[PDB]
Structures are given as C-alpha cells and as structure tokens.
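Protein chains in written order, with PDB author numbering: chain C, 61 to 173, 190 to 243; chain A, 61 to 243; chain G, 61 to 175, 188 to 243; chain D, 61 to 173, 194 to 243; chain E, 61 to 243; chain B, 61 to 174, 193 to 243; chain F, 61 to 173, 187 to 243. Beta carbons are placed, not taken as given, at the ideal position from N, Cα and C, and that holds for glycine.
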Amino acid sequence: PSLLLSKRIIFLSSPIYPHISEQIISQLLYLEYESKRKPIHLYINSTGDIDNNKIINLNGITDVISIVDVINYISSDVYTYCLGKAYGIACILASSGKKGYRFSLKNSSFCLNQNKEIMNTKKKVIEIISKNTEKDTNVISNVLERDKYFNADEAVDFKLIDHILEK
Amino acid sequence: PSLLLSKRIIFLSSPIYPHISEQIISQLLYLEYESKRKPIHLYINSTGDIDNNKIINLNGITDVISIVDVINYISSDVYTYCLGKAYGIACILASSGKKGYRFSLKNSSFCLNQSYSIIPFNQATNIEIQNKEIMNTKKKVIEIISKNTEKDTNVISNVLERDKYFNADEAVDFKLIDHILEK
Amino acid sequence: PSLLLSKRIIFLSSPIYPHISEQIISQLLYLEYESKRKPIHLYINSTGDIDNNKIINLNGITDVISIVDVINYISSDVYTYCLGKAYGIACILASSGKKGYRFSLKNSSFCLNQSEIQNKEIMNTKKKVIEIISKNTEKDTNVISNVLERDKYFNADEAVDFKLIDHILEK
Amino acid sequence: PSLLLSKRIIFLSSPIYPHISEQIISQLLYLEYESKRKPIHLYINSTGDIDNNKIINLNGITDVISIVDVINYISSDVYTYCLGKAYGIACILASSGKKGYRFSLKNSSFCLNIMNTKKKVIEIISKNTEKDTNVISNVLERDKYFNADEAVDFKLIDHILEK
Amino acid sequence: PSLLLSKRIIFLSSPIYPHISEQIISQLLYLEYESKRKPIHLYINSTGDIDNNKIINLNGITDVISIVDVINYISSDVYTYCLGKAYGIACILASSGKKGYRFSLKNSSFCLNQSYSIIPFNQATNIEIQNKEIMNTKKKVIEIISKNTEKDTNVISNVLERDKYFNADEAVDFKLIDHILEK
Amino acid sequence: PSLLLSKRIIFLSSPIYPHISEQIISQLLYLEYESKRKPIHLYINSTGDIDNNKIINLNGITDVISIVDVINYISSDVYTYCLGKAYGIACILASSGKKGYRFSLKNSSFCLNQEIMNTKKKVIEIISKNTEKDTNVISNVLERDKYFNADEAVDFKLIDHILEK
Amino acid sequence: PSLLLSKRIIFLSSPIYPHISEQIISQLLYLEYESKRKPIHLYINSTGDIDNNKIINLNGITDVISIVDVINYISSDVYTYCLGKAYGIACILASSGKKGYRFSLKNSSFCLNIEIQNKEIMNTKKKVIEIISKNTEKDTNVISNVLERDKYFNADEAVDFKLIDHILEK
C-alpha cells in the first residue's frame, strides 16, 4: 500500500480496471515528484484488460498507452518485474520498462492479444511493441493477427524481457 | 488523493461529474490558501461531460467556466498536462492553463464539440431568464477559447459548428497547448 | 470537507438540500467556537432550493433565514464569494456577508425569485425575506417589495450596482 | 458528529426520530462523565415528532420526557438555543434548559400541541413557564405559534441572542 | 459506542435483540479486563424481548440469565440506571445491579410479564428435553428475582402469575430499585 | 472484535459455522505471535454444529479437531469459560482447554452427541484424554445423549471449576 | 487479514482460488519489503485446487509454481506449517518451504495427486516432478513413478519422505 510507495514500488496484481490505471499513473506521478532520477519498481502479476472471458476495462488499450507515455516522460527509470502473468495490455506494460531492467521469474507467462480513432490506436499499440522488442512495425503487425503466448525464456528471446530473476 | 495534493497536484482522470468539478474547485481553493504564489499542476485525462454517448453532467459548461474563473482569480499559476484525452469541456480546461505552461504527452488527443446546450427535463419557471442564460453561456465559452488560442471569436464560432479533433501537434499549432513533453 | 474547514472555509457547491443548510449551520457554529473573532470564508456556487428546476428543499426560505440569523449572531465575520451561481435563497445568502466583503467572480450570476395557522407564517416569512434583502442592499422595504414581485436576473456588474455584492474579484 | 461534541455542543437539527432521542441521551451522558459541571450547549432547530403531517415518532412524547429527566439528573447545566424552529416536543425540550440560559435567534419560531403522559407534559411546561397547570392545560387544546419576542413573555425562552 | 465504552458505560437503548445480549456480554468482559474492580454503568431504556407486539428474541430469557451470570461472575460492580422503561427481561436485568446501586429516573416505568411457553414441533423436538429446560429456566428466573428483591421464591412465583407494572416509587418499595434521582 | 483480541479474549458466541473455526485459529495464532507464553481466554457460548435441530456445519467435528490441534501446538495456554451452553462439538472445545483452567458459570449446560471411522475414533480419544478416562468407558457413554449441568461436568472431569462471586 | 500480516504470517485456509494465489504473492512481496531477511510463516490448511470433487482453479499448478518462484526470489526464508490438510498443489507449496523449517501438526494429512495441449501439459508435468524431486532430495524417476498413483501421507510418513522436516508440539 503506502509502505511499498515509500520504497518506490508499485504492485499491479489485479486486472487493470479503470481505477487501477489511474492508480498506476497517480503513483508514478507521486514518485517522480518525490525524487527525480530514482528508479521505480513496477511489479506485474496481471491478466491485463480481461478477467474470466470478460473485458473489465472499456478503455484498456488507451489507458496503457497513457501509462507508457508517462513512463517515457518521467526521468525516473521504471523497472518491471513479472511475478506470474503479464497478458495483453499488462504484457505491453511489462515490455515498456527500462531496457536492461525488464525482469521475469523463471516460470512466468506472457501474452499478446468515428472509425478513424480505432485505427489510430491500433497503430500506436504496434509502434510501442515494435520499439520495445526492437522489431519493425511490419513484423509486429503480422504477429498481432493471432494470439501468442511466451514463456519467460521465449519472452527474453523475443526481447519483451531482458533478464530472469534468481534470489 | 491527499498524497497528490501534498505535491500540489490535481489529477482529473475521469469524466467531469458534478462532484468532480466541486473537487477541482475545492482543491484549487485549498492549495491557494496553503501557499500563495506556488504553481499548481493540473493533470488531465478526461472525456469531459460525456461518457459512453451519455451526458454525465447537465451543467458541465458552466462548471468549467466556473473552474477557469477561479484559475484566473488565484495567484498560483496552474500548469496543465494532458495525459491522454482532453475532450469537450476538458479541452477548454486544458487550454486554460498559464500560457507557456500548457503541456501534452506524445499520444494525447483533444476535442472541441459542436456548440451545444442542454435543457434538463424539469421546466424552467422563467423561460425568458433561461433563454438569456443559454446565450450568455454560449458567448462565454467562445470567449474563453478565443482568448486561450489567440484567435478571433468569428473563427472560433465558425469552428464550433463542427466537431474538431486534434493530436498533440495540431493542438500546439492551434495554440490549445504550448509544448509536447519529452525526456 | 475537514480540509477546507481547517482554513475556515465553507464551500456551498450544490443546491441547498435540507442536510446542506444543516451542515452550513454546524460548520458556522464549529468555526465560531474554534476561534472567536476570526473571519469565515463562505464560497457559494448554488442554484438555491431548485436542482435543475426540480424543487429539492421545501424549507429553503426558512433555512436561509436561520443561516443569516446565525451569521448575524456569531462574532466571526463571514465573507461571501460567488463562484458561479447564486439563485433564490443562495442569492439571499451571498448578499448577507459582511458589507465590503461580499465578492463574486467575473462570470457569476445572481437571481432574486418571485414572491390563523400557516397563513400568518407565510406573510411573516415574506416580510423577513424583504427585510433581509432591504438591509443587505441599502434600499427601502417598499422598493424591495416591488422588485420581488417579479424575477430579477443579475450578472456580476448588475449585482454590484444593486448592492447585492461589493466587489468583483480580479487577479 | 464528534466534532461538535468536542466543543460540548449537541445540535438537534432534524425531526426527533427514535434514534435521535437515543443519540441526545448518549451524548448528554458522555459529556457528564467527560466533565462534571461544565455547561452543555443544546442547539435546537426541529419540528418535533412531525415531518410534513407524518408523525415520525410513536414515542416522541415519552422520549423528550426521558431527555428532560436526564437533563434534571446530570450536574452539568444545559443551555438551549433555538436556531429557527422548535415545535411540539422540540419546544418542550428548548424550554427545559436551565432557567436564565434558554436562548433564541431573532427570527425563531415556537409551537405547542394514556392519561399519565398527558399530565406529565402539562406539568413540565407549567414548571418551565412558571404558570398554573390550569392555564397551561387550557391553552394546550389550541395550536399556538410564538415568535422570539412572544416566547420570552411566555417564559419558554429567557433571552434573544445578538452581538 | 466506543465513546461510551471509554467511560465504562453500557447503554441498552433498544429491545434486547439476539445480537444485543452478545454485545452486552462482550463489553462487560472487555471492561472487566480493562480495569478489574472498577464500576460499570449499565443504562437501560428497554422494552425487553417485545416490540409492539412481536417477540424479537426467541431466546430472550436465557440471554438475560447469561448476562446476570457474567454480572455475577466479573469482579467489577455493575450499577444499573433505568432511563425510561425496563419491561420484562430488562426489569430482571435492571434489578441485577449491585445492591445499593440500582438506580431509576423519576418518570421511569418497570414491568414483570405474566408467562407461558410456546414450544415448536419439528422432527426432533424431544418433549422430555425441552420441557425440562423450560422448567429450569423458570426456576432460574424466579431464583434471580427472589435474590434481587430479597423475597421468598414462593411470593416471587406468585407475583409472576399476573402482569405487574411499577412506577419509580413502587419499584424501590418492591426492592427492584434502590434509589431515585438527584441534583 | 479487535477490542476483545487486545485483551487476549476469543469469544465464541454462536454455532460453529464453516467460517468460525478459520477465525478462531487466526486469532489463536495472532495472540501466540503477539506474546509467546501468555494465557488466551476462550469464552464459549455455543450450540455446536446444530442451530435449532438443523445442522449448520457438515465439517463441525473435523473443524473443532483442527482447533484443539492448534491449542496443543501454540505455547500459550488457552483457558476456557462456558458462558451458558457448550453442546456437542462446543463441549469438546471447552474440555480441550488447559487442565485446571477449564471454567463454567453456575447455570451453564453441557451436552455430548450420540475417514468416517478414523474421525469417530479421534472424537472418542480426545474426550478420553480430556476427562482422564479410558477410550472404553467414554465410548460407553456416547451411545446416548448426555446433558450436564455445571456440577456434573466437574465430576465428569470435562470442567475444572465453577466460577463465582 | 493485515492483523496476521503484522506478525509475518500468511494463513492459507481454503482451496487455492485464482485470487488466493494472487493474494499469497502480494503478501510475500509485502513482507519481504517490510523486513528484508526475516522469516515468513506460511500456515497451510488447504485441499489444493479441488473442492468437493470440483476443480476451483484451472491454473492451480502454474500458480503454485509461480508462488514457489517468488519464494525462491525473496531473501526472506518462508517456514511452512501444515495445520491439517495439504493436498495436491498445497502439498507442493508446503514442501517448498526452507529445508529444516517445513513443519506439520501430529494429525495432519498430505497428498500428491492438439496445438494447445501438446507442449503446455507435458512441460507442466515435468516441472511438477522436478520441484518435488528437489524438495525431497530424490531422483526424478522415483518421483515420476510415485506420482502415477494417488499417495497419502500422515505426519510421520511425510517426514520420512522428506516432504516435512519436523513435527511440532506444545
């Protein structure tokens, strides 16, 4: 709760509900104001915007776009640690941590899932994943037409994640 | 909450419901009383007075007119930061920050709605008073946007006959916003 | 909330529901007991006893009479600040602040509404509302009685001229 | 709630519901145990046991009796202040404050409305107003409304607040 | 609430519901543990186990026997104070305070109800067991009232055959209450 | 609640529903970790797993067994106090308190009821250990419902003292 | 609740529902940051991922694998205590506690139970054997063989099998 904040830790351990992305942003903002260039630890154990076959956030993809935008804006490096699951927008979130400081446990799981606004958002999500994984917007666009699950090792190979944690 | 308040941050992160506009004004007054000429950081990620095609605030326009009025009275400069969306009355609010200190993130969107008035279900007893108020409100919102963007009321009145969407760059060009935030 | 209370600020930011006038009196009493002759800042953005034209307080007029009565009783001065709207009973309230210290924002609006057993009380209530507005505006009971025969809408400038309000706040 | 209590204030600002008379007694008790002979300030703005023709307390009369009996019991004086309205049982309560210390605002209003209950209510008012049980009983058969000044002459109220 | 508890006060201000007798005991135990031999003030304004006219606690009598038992158990004296009504089991409760310290207000009322027992019939309602329990409860209630009033079990048994109402003065003579009120 | 917990008191004042045994163990463990060798006061007023003829807990017997197993693990002694009723599994719980420190009020009532074979052996065994009797003699009495008043429970060695004054 | 947390105690007292494995990880992380190298007490009374013959967590196995991962991650030792039942994935959990500090009460019980299936299930089964093998200091073959049959252990049999280290007593 506040004890984790005093140590610059944010734990996402639920589906990203509308109030959750608000809380992540609020906490990121607070921490940046507390100390300018001091690492922030974002622990992730989430199924993203979905929860038992139901989308629990009508604005999930745009919410995560906002979070990664503030992550890019603030001077504090945010490290990511996957503690079990990082699916959908949570996987995007995980891969958005500072390059070289995106971590995962050995057995964690990862997954990637008027009219004009829908397409602009789709281009924005592709650009982030492409930038994070160091791959062309062409090759990432193609993989997102199906659902792909990575294990921790497969996530390191794909450059979603950098290192696997050990004690 | 109060933790954001301790840093002089007001974070609008929802549609501007009746109670939200009350909270913004309350926090503005509170911060101004706590410290006199000290910048206030208004972060905005809002769809204004609409939420899923439904109007969630019948008094949205006057509420935001009220907010920008208190922003203009208090000695503390308020900087605005768009964190994703600033639509309708939230766009007016964003552009109302101190000139030079209206910021936006890379992927943020802004929208100005085609000029509109909402008549609540309940009949106003004085129709003549209500009609004059609808006109003054329509006049004030054009006046605020015209001032914020440094444009004539003719061009702003003209552009409020259609819905207009802005990316950050287009918002900087239209003078709704000053700078796009980077590392 | 209690955060505003610590700065001796009362913020009326809604139609005056029954519980609202109760809170205003409660807070005025509390602040008076907390510090004796220290100013109280009453900020007002209210459409009075109607909420979007729907009547939400049957005792609106008698409520505000009590509030202005406690304001006149307590030793602490109350300054009033109109943040957008002050309609009907909210207008009476705004004008009841200490003379010289009744403020309003540039775009604020004001409105004075049209006017044995209960029958005697109704005429008494009308006499009091005239008497308060007469005293607040420095006008005779006859000229105020005549003006309340119809609705009168005010902008900030028109409110200053009528002496409902003293100053328009500017940075 | 607790903020007014810390200043030894009890503020009856609604019709006297069943839970209200309980809260008034609870606070009266707490305050007496908190400080022995320190005055208590009972502020009243109430229409009694009636709220728009609907009687909101079947025990309204017996409840206020318990409160006044609690008032006469405790060592702390209670000062009453009418802040707008005090009708029916709320008028009885207001008049039950320590004699000399029953106050009212300028524009305040007052009103007065098996067999054992009827005698007790007539008796308390008679004691409060310093009048015969006969003259009070005779005038209680008609609903009578007092303004602040009229309340002082009848001795329901001692002073009208100013300054 | 916790405010009255800080002053060693328990205020029974309602019918004795099933959960209420649990709350009385918990507060008795808590206060006893807070200070060992320091008086507890039980204020009573209760109509017992009935509320115009429904029985609101099917186990009312056994509940009050529990309360008086813990009252007899704890080292702390409990003084009783009747603040209006103490009917039925609340009258037994009121009379159970330490002798010399059972108090009442001037206009207070007391009542002891006439009695009968209505026993439901299910699939496993043993007549030998339930009738014997009804017998012990009746013996305990008379025994408690007998001790409290310092009267014979015979005269107390006889008085419970009819309804008896008391004012404050009548209760002191009957040894339910010790003292009236004072300035 | 936490108010009773602050004084090392656990007050069971209801039937032992599925959720109750989970709560008692939680409070026992908390108090043990709060202070190591400090008596816990278990006040009991319960009809066991039966509320008005109807069974309110299918795992009543196994649930109460887990509680006593915890009582025989933690270093803090638990004193039991019967506040009116300790029927069936509640009687087992009451008798499971520290020897010499099982109390009852004057007017209290106790009762004993008339994988499956393995559990029934433990229930006979625990009572035998609690009452200092052979599993043989206790097995004999559990063929019928036996109700105790306070005095009879003391003689039977379910309870140690009757608290008074 | 947080009252047990203040004493560094996590009390698993139900089937491991999806939110339960979620709460355990939350609590382990919290305790680790609250005090860095200070023992955590994981009390277990659980039927694992089954309740009344119904599966209550489809990801029960991967969840407990992830929990053992956080246990292996944090600097704080976690002591385990079986308070009655530790079946299936709950048994894996109990045996995953610090060696020498896996405890049980006397009367406690223990039990070990195309495109989508081909690589997901067979990988999971290999991990489950590998963990139990490490915990019990036994080869993967004897564990793979013992897992083909439903096997129950009492406290004594659990100690001999090296699932549990000590049987605690007052």
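Only buried fits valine 130(A), as 16 or more other CB atoms lie within 10 angstroms of its CB.
In the three-state reduction of the DSSP assignment, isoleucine 131(D) falls in the helix class. Contact between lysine 166(A) and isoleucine 104(A) does not hold, since the beta-carbon distance rounds to 15 Å and is not under 8 Å. In the structure shown, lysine 207(F) adopts helical secondary structure according to DSSP, grouped into three states.
If the five residues before and after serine 168(G) are omitted, its C-beta is found closer than 8 Å to the C-beta atoms of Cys142, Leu143, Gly144, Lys145, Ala146, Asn227, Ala228, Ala231, all from its own chain and listed in chain order.
If you draw a straight line from the Cα of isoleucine 125(B) to the Cα of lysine 158(B), it comes to about 15 Å. With fewer than three CB-CB distances shorter than 8 Å, the region 199-206 of chain D does not count as touching the region 82-90 of chain E.
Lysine 192(A) has its alpha-carbon roughly 20 Å from the corresponding atom of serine 164(G). Of all C-beta pairs linking the region 114-128 of chain A to the region 83-101 of chain C, fewer than three are shorter than 8 Å, placing the two stretches out of contact. Judged by DSSP secondary structure, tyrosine 161(A) falls outside any alpha helix (DSSP H); it is assigned neither H nor E. Here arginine 68(B) really is in contact with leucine 91(B); their C-beta atoms are around 5 Å apart, less than 8 Å. In this structure, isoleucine 121(B) and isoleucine 149(B) form a Cβ contact; the two beta carbons are roughly 6 Å apart against a cut-off of 8 Å.
For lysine 200(C), at least one C-beta of chain A is nearer than 7 Å to its own C-beta. With its beta carbon at least 7 Å from every one in chain D, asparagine 113(E) lies outside the interface. Across the region 125-147 of chain F, CB contacts with chain C closer than 7 Å involve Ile125, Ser126, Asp129, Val130, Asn132, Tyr133, in sequence order along the chain.
Per DSSP, the continuous beta strand (DSSP E) segment holding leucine 102(G) begins and ends at 100-106. Residue-level contact check: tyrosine 93(C) touches chain A, since one or more beta carbons of chain A fall below 7 Å from its beta carbon. The contact set of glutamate 210(E) on chain B, defined by CB atoms closer than 9 Å, is empty, because the minimum CB distance reaches about 18 Å. With contacts defined as CB atoms closer than 7 Å, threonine 197(F) and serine 206(F) fail to qualify as a contacting pair. The beta-carbon distance between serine 155(C) and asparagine 208(C), rounded to whole angstroms, is 4 Å. This is short enough to meet the 8 Å contact definition.
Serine 164(F) has a beta carbon lying at 7 Å or more from every beta carbon in chain C. Taking C-beta separations shorter than 8 Å and ignoring five residues to either side along the sequence, the partners of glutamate 210(A) in its chain run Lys235, following chain order.
Looking at the backbone, the Cα of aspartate 137(B) and that of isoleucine 100(B) are separated by about 6 Å.
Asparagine 173(G) sits buried, since 16 or more C-beta atoms from the chains shown fall within 10 Å of its C-beta. Within its own chain, the residues whose Cβ lies closer than 8 Å to the Cβ of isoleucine 237(F), once the five positions on either side in sequence are excluded, are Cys142, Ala154, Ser155, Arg162, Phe163, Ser164, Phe170, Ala228, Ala231, listed in chain order. Of all residues in the region 81-107 of chain E, those with a C-beta nearer than 8 Å to a C-beta of chain B are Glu82, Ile85, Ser86, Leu89, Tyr90, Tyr93, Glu94, reading in chain order. About 6 Å separates the beta carbons of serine 74(B) and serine 106(B), which is inside the 8 Å limit, making them a contact pair. Neighbourhood of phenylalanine 71(E) in chain D, by CB distance below 9 Å: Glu82, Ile85, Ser86, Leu89, in chain order. DSSP places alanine 146(A) in the uninterrupted beta strand (DSSP E) bounded by 138-147.
The beta carbon of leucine 65(E) sits no closer than 7 Å to any beta carbon of chain D.
Minimum Cα-Cα distance from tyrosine 77(B) among the listed residues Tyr225(B), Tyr139(B), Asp111(B), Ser86(B) corresponds to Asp111(B).
The distance from the Cβ of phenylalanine 181(A) to that of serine 86(C) is about 36 Å, inconsistent with a contact at the 8 Å cut-off. Cβ-Cβ distances below 6 Å link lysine 224(B) to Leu172 in the same chain, with the five nearest sequence neighbours on each side left out; the list follows chain order. Looking at the DSSP output, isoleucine 240(D) sits in a beta bridge with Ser164(D).
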